[PDB]
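Here Cβ is always computed from backbone atoms with ideal geometry, including for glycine, and neighbour counts include all displayed protein chains. Read-outs: derived from the displayed coordinates by stated rules, not from any lab.
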Amino acid sequence: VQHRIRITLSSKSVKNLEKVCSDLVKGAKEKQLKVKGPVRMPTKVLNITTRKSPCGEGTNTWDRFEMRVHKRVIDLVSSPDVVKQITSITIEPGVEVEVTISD
Amino acid sequence: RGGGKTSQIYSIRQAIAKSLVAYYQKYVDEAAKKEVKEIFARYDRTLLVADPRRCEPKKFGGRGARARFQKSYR
Amino acid sequence: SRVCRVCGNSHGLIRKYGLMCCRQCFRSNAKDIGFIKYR
Amino acid sequence: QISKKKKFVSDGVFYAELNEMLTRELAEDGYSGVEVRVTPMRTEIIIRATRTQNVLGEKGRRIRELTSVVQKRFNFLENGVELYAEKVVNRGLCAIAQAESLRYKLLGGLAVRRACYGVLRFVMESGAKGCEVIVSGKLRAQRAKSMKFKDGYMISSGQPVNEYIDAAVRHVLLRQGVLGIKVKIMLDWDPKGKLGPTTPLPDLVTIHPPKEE
Amino acid sequence: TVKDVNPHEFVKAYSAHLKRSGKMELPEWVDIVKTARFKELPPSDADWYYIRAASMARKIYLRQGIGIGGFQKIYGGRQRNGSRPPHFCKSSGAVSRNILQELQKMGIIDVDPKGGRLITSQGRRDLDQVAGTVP
Amino acid sequence: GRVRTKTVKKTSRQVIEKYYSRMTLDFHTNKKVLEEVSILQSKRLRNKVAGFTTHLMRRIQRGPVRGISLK
Amino acid sequence: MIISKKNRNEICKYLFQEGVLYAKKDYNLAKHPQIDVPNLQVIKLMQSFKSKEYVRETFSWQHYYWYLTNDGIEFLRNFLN
RNA sequence: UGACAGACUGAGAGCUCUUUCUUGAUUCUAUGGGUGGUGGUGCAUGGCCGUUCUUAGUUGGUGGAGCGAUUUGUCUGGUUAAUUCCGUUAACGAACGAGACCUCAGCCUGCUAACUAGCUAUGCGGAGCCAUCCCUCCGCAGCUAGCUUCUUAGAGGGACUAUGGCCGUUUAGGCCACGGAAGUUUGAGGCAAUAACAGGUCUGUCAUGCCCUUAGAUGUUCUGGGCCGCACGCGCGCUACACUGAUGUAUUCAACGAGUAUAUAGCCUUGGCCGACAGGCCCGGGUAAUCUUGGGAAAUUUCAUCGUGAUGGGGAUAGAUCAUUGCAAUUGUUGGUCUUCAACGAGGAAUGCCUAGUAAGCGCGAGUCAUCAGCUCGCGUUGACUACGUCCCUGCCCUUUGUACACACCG
Ligand SMILES: [Mg+2]
Ligand SMILES: [Mg+2]
Ligand SMILES: [Mg+2]
Ligand SMILES: [Mg+2]
Ligand SMILES: [Mg+2]
Ligand SMILES: [Mg+2]
Ligand SMILES: [Mg+2]
Ligand SMILES: [Mg+2]
Ligand SMILES: [Mg+2]
Ligand SMILES: [Mg+2]
Ligand SMILES: [Mg+2]
Ligand SMILES: [Mg+2]
Ligand SMILES: [Mg+2]
Ligand SMILES: [Mg+2]
Ligand SMILES: [Mg+2]
Ligand SMILES: [Mg+2]
Ligand SMILES: [Zn+2]
């Protein structure tokens with residue numbers, strides 16, 4: 001009856017992601033789901049080094065950019081009709097949600 | 001796990017010392033543990049306390065954390 | 001046979017992650033694509 | 001299927017390609033920014049500008065052409081991405097629109113010193129802790145010389161530059177050169193978040209008075 | 001047993017072990033090769049092939065799923081490229097292979113489910129007792 | 001190299017003027033006192049201020065002192 | 001330029017059905033998406049619609065955005081309809 | 001307008017011709033104007049960057065002094081990394097810069113959790129053993145946790161010179177000592193002011209004025225060469241001159257990061273087989289803490305072998321051959337195999353960087369990339385000598401001082 005569903009969630013912003021995950025989590029606790037998370041996953045740090053000159057003279061000075069991508073997952077023991085009963089509330093900016101039906 | 005070779009020796013020393021003092025403090029006695037800490041900290045202090053020193057990032061304009069490319073005027 | 005998505009220049013690209021920009025167009029659009037420069 | 005790194009990079013490139021293309025289109029409408037929102041069964045492009053019925057055209061036509069060209073260019077499922085085009089609550093703070101206004105005022109033939117303070121006193125009255133303008137190029141003389149115009153406070157270093165300075169760069173196509181226009185505008189602290197940012201500058205202290213009982 | 005003894009004399013005992021504990025086949029190119037591209041000379045050892053076997057035997061003893069390429073990798077080394085900077089070069093694989101078919105035809109090890117080579121329950125017996133017979 | 005700057009020193013004078021009997025000498029009390037009688041945006045500035053008002057208290061609690069006005 | 005009635009028509013249909021048109025600068029594809037053309041013909045006939053100001057053109061970094069005008073809808077309405 | 005047969009031309013470019021079919025107002029011609037240019041001018045400009053300048057410096061409002069340019073504020077002293085502060089005070093009050101701010105790293109047996117991470121215990125399973133059970137190392141799965149130390153990352157906490165001492169106008173502070181992970185601001189960076197320079201870039205841009213070119217083109221495309229040619233000088237580096245070493249076994253330990261439908265397995269590549277090597281064939285895994293890879297890195301560590309010898313140090317030069325990438329390897333792409341074994345004996349005048357996980361030694365990843373990393377950007381491993389000062393040299397900041405200099409002593 002009660003299936004096993006997973007929620008895959010990632011963003012660019014610490015605060016904003018932490019707000020979205022807690023929203024889903026307290027949603028789950030209001031409906032007394034068997035919920036397990038939010039497990040935190042190591043942050044993937046895209047980096048670039050670029051010679052900040054546009055012509056190539058002067059002191060060789062580079063600049064480093066870094067996009068951090070923060071990975072989070074939650075496990076829910078529910079039916080997908082309950083999943084769409086829950087996960088329709090506001091989603092805060094920039095955060096991304098890709099629910100997956102697992103084994 | 002991890003580290004190098006001598007780094008692992010220096011972790012083993014630390015973890016033996018720190019597990020000894022934790023085990024005595026929780027299961028033998030505080031006062032009886034005091035003699036152990038005072039012997040160890042008498043020999044040295046780095047048995048018990050980690051070393052804050054790490055490898056610090058290398059800055060552009062020279063291979064080396066604190067070095068630079070060789071400089072030529074002519 | 002590969003140029004910028006931006007200025008159509010075939011020197012100094014940044015092909016990693018599929019940016020397909022040159023090193024200067026990437027600085028010019030750097031912080032709006034999202035390469036926030038903490039360091 | 002694509003990795004998440006590529007996912008985020010391609011979404012960023014989409015944001016930038018809009019942020020740029022929407023400028024040549026919405027130059028004569030007072031463009032200020034675009035926000036992209038991902039919803040269930042829909043994707044949204046939030047054009048924000050200063051004049052809304054002329055970006056709508058007559059009876060919402062111009063937005064129709066723009067949504068069609070975005071659909072087509074980025075190969076979106078039809079009805080996939082839709083446009084709202086709202087109005088920036090305050091106009092003296094979004095440095096893009098102020099720089100563009102200086103651009104048209106300066107193109108039309110209006111004097112440079114008149115044009116810059118026409119921007120500057122507007123920015124001052126409209127609640128900004130300071131403003132700077134730099135005009136650089138060949139104005140009334142061949143040899144290049146750059147004019148700075150100021151009013152009020154301004155920060156230049158450290159982190160809060162990003163949270164307080166709305167800064168723009170524009171190029172102008174006056175005959176016989178190009179005028180560069182830098183517009184820097186200081187924002188003011190609104191804890192509400194409506195008008196200026198939420199967290200105040202790292203050098204401000206509020207010693208509360210001693211309520212008595 | 002095996003972990004309880006010095007990591008060298010176990011190999012020194014075991015190299016003579018699968019010399020004298022019966023015998024087996026051995027391809028007829030053992031004597032020419034360098035056993036790794038970056039090397040410079042054939043091994044000085046006369047019974048180098050048996051020591052190769054003993055070392056790989058304890059590798060498989062204390063790990064599961066070690067491959068034809070993993071054995072290449074764990075036996076490669078530093079390659080001075082000439083005036084070029086030195087680098088890492090994987091060892092040669094066909095030397096490791098016939099060691100694996102020797103230990104397999106002896107039943108010391110065998111191919112693994114999920115890939116690799118796992119110690120055999122009786123090969124475990126062989127290595128444990130030969131290690132027990134060390135100082 | 002540990003000279004406190006003008007922001008720290010004048011928050012020190014102003015807060016210890018404006019609130020005297022509600023601060024003490026023990027450092028760690030003062031931190032939280034100031035956390036509830038002031039709004040700041042850097043816990044290191046917060047400790048930096050408390051560490052100076054504490055010996056301002058030490059000097060006042062023995063003798064007299066400059067600008068601050070206490071009733 | 002050398003173009004067929006057929007190619008003119010398959011663009012004229014498409015503009016009267018959509019209203020916008022998008023090219024790319026990458027040249028010699030032989031297939032612009034959403035129509036059948038090698039991108040010379042589209043870019044250049046739309047250029048000529050620009051010269052006769054039937055379409056407004058915002059070049060937008062080598063992507064050729066052409067927005068039909070109501071000046072040009074009468075032309076196309078007098079061509080195919 | 002496109003073309004079949006041949007010359008032409010390398011050219012299966014119908015460019016040009018013999019040959020006349022084909023298409024139909026899409027043109028061609030001529031008159032303007034466009035368009036395009038890695039064309040010129042960085043000395044017409046934007047923009048961005050570098051530098052002056054890594055230092056601590058700069059500017060209005062009101063007031064004072066001066067006919068005036070200008071000066072005061074911005075300072076006599078003390079303190080500081082600091083125009084940082086105490087304070088003095090014709091100054092008063094304010095703005096940038098400094099500091100504050102941001103990031104990474106260091107600490108937490110405290111909190112939230114986590115079978116994509118991982119101990120721990122029990123159950124079995126293998127192997128050794130006073131063996132019958134146990135004790136030790138191993139593999140497998142769990143309604144094992146009143147699991148989260150290890151791993152990840154969120155929120156926080158922590159350090160302020162707080163305590164003590166001495167010096168100090170007992171002010172700003174400084175030196176010392178317990179404590180603490182941390183007492184050069186804890187370390188390292190990011191950002192970084194006014195005024196500039198005739199600093200760099202029109203060769204980053206459908207950024208750009210002017211000028212030159214616009215078909216017999218500085219446009220664009222194609223074929224080939226060229227940027228790589230070597231008497232010779234200079235610059236950053238790579239490899240060495242050995243024995244504190246080379247070669248050959250054995251032993252075993254990171255972190256950064258990286259991985260397009262890539263089509264009929266396809267970037268990273270596991271396992272199996274073929275192969276001395278290069279490299280091949282097969283079934284696979286991963287859009288990733290899941291598969292590669294819990295990255296089995298070298299230096300280092302032991303066991304021998306060489307024994308002061310241009311030797312087995314050193315590996316340039318060249319010969320012969322195979323293989324992979326590429327439509328294409330020639331002026332050797334690269335990698336192997338075998339052979340050749342060149343100069344180099346610690347380096348002249350001079351000169352570079354460097355004060356603790358630092359120099360130095362060592363490898364790895366990334367960019368570039370169809371293949372080419374002696375480079376550049378990051379990551380870890382081993383890991384020190386000396387110094388804690390000074391103005392002697394080379395400079396920067398401030399004050400007094402002299403100037404016949406001001407494109408400013410390169411006067
Ligand atoms: Mg110049
Ligand atoms: Mg310029
Ligand atoms: Mg005056
Ligand atoms: Mg006067
Ligand atoms: Mg004045
Ligand atoms: Mg620092
Ligand atoms: Mg060259
Ligand atoms: Mg260099
Ligand atoms: Mg060796
Ligand atoms: Mg040699
Ligand atoms: Mg020097
Ligand atoms: Mg590479
Ligand atoms: Mg004189
Ligand atoms: Mg005189
Ligand atoms: Mg003069
Ligand atoms: Mg002279
Ligand atoms: Zn570009």
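Figures for the structure shown
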quantity: In segment F:17-49, the residues that are in contact (Cβ under 8 Å) with a residue 24 or more places away in the chain, closer than 22 Å to residue F:61 by Cα, within 10 Å of another protein chain (Cβ to nearest Cβ) and not aromatic (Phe, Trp, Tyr); calculated: F:17, F:49
quantity: Test set (1) away from ligand 17 (no atom under 16 Å from the Cβ); (2) farther than 24 Å from residue D:43 by Cα; (3) out of contact with any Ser or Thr (no Cβ under 9 Å at 6 or more places or on another chain) - residue A:11 fails condition number; calculated: (2)
quantity: Among residues of segment D:147-165, those that are away from chain C (no Cβ under 14 Å) and within 6 Å of RNA strand H (Cβ to nearest atom), counted; calculated: 7
quantity: Filter result (of a type in the set (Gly, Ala, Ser) and over 20 Å from residue D:87 (Cα atoms)) within segment D:1-60; calculated: D:3, D:10, D:12, D:16
quantity: Pair list, Cβ < 8 Å and 6+ apart or interchain, from segment D:134-147 residues that are over 14 Å from residue D:174 (Cβ atoms) to residues that are within 8 Å of RNA strand H (Cβ to nearest atom) and among the basic types (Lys, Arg); calculated: D:134/D:148; D:134/D:182
quantity: Test: residue in segment A:19-41 that is touching a residue at least 24 places away in the same chain (Cβ under 8 Å), over 17 Å from residue D:4 (Cβ atoms), within 14 Å of chain C (Cβ to nearest Cβ) and in contact with a helix residue (DSSP H, G or I) (Cβ under 9 Å, 6 or more places away or on another chain); calculated: no
quantity: Residue selected from segment C:1-26 under the condition near RNA strand H (Cβ under 6 Å from one of its atoms) and of a type in the set (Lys, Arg), by the criterion surrounded by the most Cβ atoms within 10 Å (Cβ to Cβ); calculated: C:16
quantity: Residues that are of a type in the set (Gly, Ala, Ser) and either surrounded by 14 or more Cβ atoms within 10 Å (Cβ to Cβ) or more than 11 Å from every other protein chain (Cβ to nearest Cβ) (or both), drawn from segment D:1-20; calculated: D:10, D:12, D:16
quantity: Test set (1) in contact (Cβ under 8 Å) with a residue 12 or more places away in the chain; (2) part of a strand (DSSP E or B); (3) more than 14 Å from chain C (Cβ to nearest Cβ) - residue D:70 fails condition number; calculated: (2)
quantity: Every pair of residues 6+ apart whose Cβ atoms lie under 6 Å, when the first sits in segment E:73-96 and is charged (D, E, K, R) while the second is in a helix (DSSP H, G or I); calculated: E:90/E:72; E:90/E:73
quantity: Residue in segment F:55-63 that is free of Cβ contacts under 8 Å to residues at least 24 places away in the same chain, out of contact with any strand residue (DSSP E or B) (no Cβ under 8 Å at 6 or more places or on another chain) and part of a loop (DSSP other than H, G, I, E, B) present; calculated: yes
quantity: Given (1) exposed (fewer than 14 other Cβ atoms within 10 Å of the Cβ); (2) closer than 30 Å to residue D:172 by Cβ, index of the condition residue D:93 fails; calculated: (1)
quantity: Checklist (1) away from chain G (no Cβ under 14 Å); (2) crowded, with 18+ Cβ neighbours inside 10 Å; (3) among the basic types (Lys, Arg) applied to residue D:87, failing item; calculated: (2)
quantity: Segment G:18-44, subset more than 18 Å from residue D:69 (Cβ to Cβ) and among the hydrophobic types (A, V, I, L, M, F, W, C), residue surrounded by the fewest Cβ atoms within 10 Å (Cβ to Cβ); calculated: G:30
quantity: Identity of the residue in segment D:49-65, polar (S, T, N, Q) and assigned to a helix (DSSP H, G or I), that ends up surrounded by the most Cβ atoms within 10 Å (Cβ to Cβ); calculated: D:54
quantity: Test: residue in segment D:30-48 that is under 29 Å from residue D:99 (Cα atoms) and part of a helix (DSSP H, G or I); calculated: no
quantity: Subset of segment C:20-39 that is within 10 Å of ligand 17 (Cβ to nearest atom) and in a loop (DSSP other than H, G, I, E, B) - its residue that is nearest to the other protein chains (Cβ to nearest Cβ); calculated: C:29
quantity: Any hit, segment D:115-129, residues being within 13 Å of chain G (Cβ to nearest Cβ), on the phi < 0 side of the Ramachandran plot and touching a residue at least 24 places away in the same chain (Cβ under 8 Å); calculated: no
quantity: Residues located in segment D:21-46, provided they are more than 9 Å from every other protein chain (Cβ to nearest Cβ) and of a type in the set (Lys, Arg); calculated: D:42
quantity: Positions within segment D:109-140 being assigned to a strand (DSSP E or B), among the acidic types (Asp, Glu) and either touching a helix residue (DSSP H, G or I) at 6+ places or on another chain (Cβ under 7 Å) or surrounded by fewer than 20 Cβ atoms within 10 Å (Cβ to Cβ) (or both), in sequence order; calculated: none
quantity: Residue that is surrounded by the fewest Cβ atoms within 10 Å (Cβ to Cβ) [pool: residues in segment E:93-118 that are under 15 Å from residue E:71 (Cα atoms) and among the basic types (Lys, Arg)]; calculated: E:97
quantity: All positions within segment E:36-69 that are of a type in the set (A, V, I, L, M, F, W, C) and either closer than 11 Å to residue E:117 by Cα or in contact with a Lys or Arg (Cβ under 9 Å, 6 or more places away or on another chain) (or both); calculated: E:36, E:38, E:41, E:51, E:54, E:56, E:57, E:60, E:62, E:66, E:68
quantity: Residue count, segment C:6-15 (criterion: more than 7 Å from every other protein chain (Cβ to nearest Cβ) and at negative phi); calculated: 6
quantity: Hey, residue F:46 in contact with a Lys or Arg (Cβ under 9 Å, 6 or more places away or on another chain), within 11 Å of RNA strand H (Cβ to nearest atom), among the charged types (D, E, K, R) and in a helix (DSSP H, G or I) or not; calculated: yes
quantity: Helices (runs of 4 or more DSSP H) contained entirely in segment E:31-127, each with at least 1 residues that are more than 24 Å from residue E:7 (Cα to Cα) and either within 16 Å of ligand 17 (Cβ to nearest atom) or charged (D, E, K, R) (or both); calculated: E:93-105
quantity: Residues that are touching a residue at least 40 places away in the same chain (Cβ under 8 Å), more than 10 Å from every other protein chain (Cβ to nearest Cβ) and among the hydrophobic types (A, V, I, L, M, F, W, C), drawn from segment G:1-22; calculated: G:1, G:3, G:12, G:15, G:16
quantity: Complete set of residues in segment B:6-59 that are within 30 Å of residue A:64 (Cα to Cα) and within 15 Å of the chain's Cα centre (by Cα); calculated: B:51, B:52, B:53, B:54, B:55
